Structure formats: structure tokens, C-alpha cells
């Protein structure tokens, strides 16, 4: 339809994603330093259109060192906006041991230079 700005619509959910239906999120900034833990944000965006600038999901980490020896202090993920998706998610899961790094993880959703949502998690 008519051109529209992409905007946050309603509350940002944040915390630990529960798996066993959509995933419940236990609201917290305190995340266990345990394999299999998934955490982050779930949110709703109004104005999403096909020709829009995609999202940049910027994960700042305390320094994940992969087995190849490289340190990842940030990860950047580009996500094309899907107009008909009711929710959008920015999550991180500790799938491998080197990913379980204690400290502050700051997850930031941008569109271009504009920050849509952010949350800081304490992993311990």
C-alpha cells in the first residue's frame, strides 16, 4: 500500500525462550550460561513493505572465540522484512560450548542507522 515508516508497535518481549505452539518468553535480563539456552527479543513492526531497507540485527558479545581461533565481539545478521509476518525475533542460542560466554550481551535491532529495539542481557 501507500509508503509507510517501519515502527515498533506495542511492547517488546524480552528474555529466555522456552521450548518443549509459539515459544513462551520468560521475561528477564538474567540468562543462564548453559548450553541450549535461547534468549533475546520478540516484537511487532507496523509499516513493513517489500522494498524497505532490511533489518540489521547487531549482537554485541563479551567475545566468542570460535574453534578456528577467531574472536567474534559482534555478530551482524541482515533480515529482509516480511510484511505478513506478525512478529519479528532477534535471538541468540548457546548451541556450542564456545558460545557460552559470561558477561554482557547487547542485542540491537536497527533499520539502517535507526535503532528500533535493544536489550542488554547478563549471562552468568
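Positions refer to the first chain, counted from 1.
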Given the B-factors recorded for C-alpha atoms, which segment has the greater mean, 66 to 74 or 22 to 30?
22 to 30
Once you work out the mean C-alpha B-factor for both 113 to 121 and 2 to 10 from the entry, which is higher?
2 to 10
Residue 40: C-alpha B-factor third of its chain, per the entry, is the lowest
Determine, from the deposited record, the chain-internal third of the Cα B-factor for residue 50: lowest, middle or highest.
highest
What third of its chain, lowest, middle or highest, does the C-alpha temperature factor of residue 61 fall into?
lowest
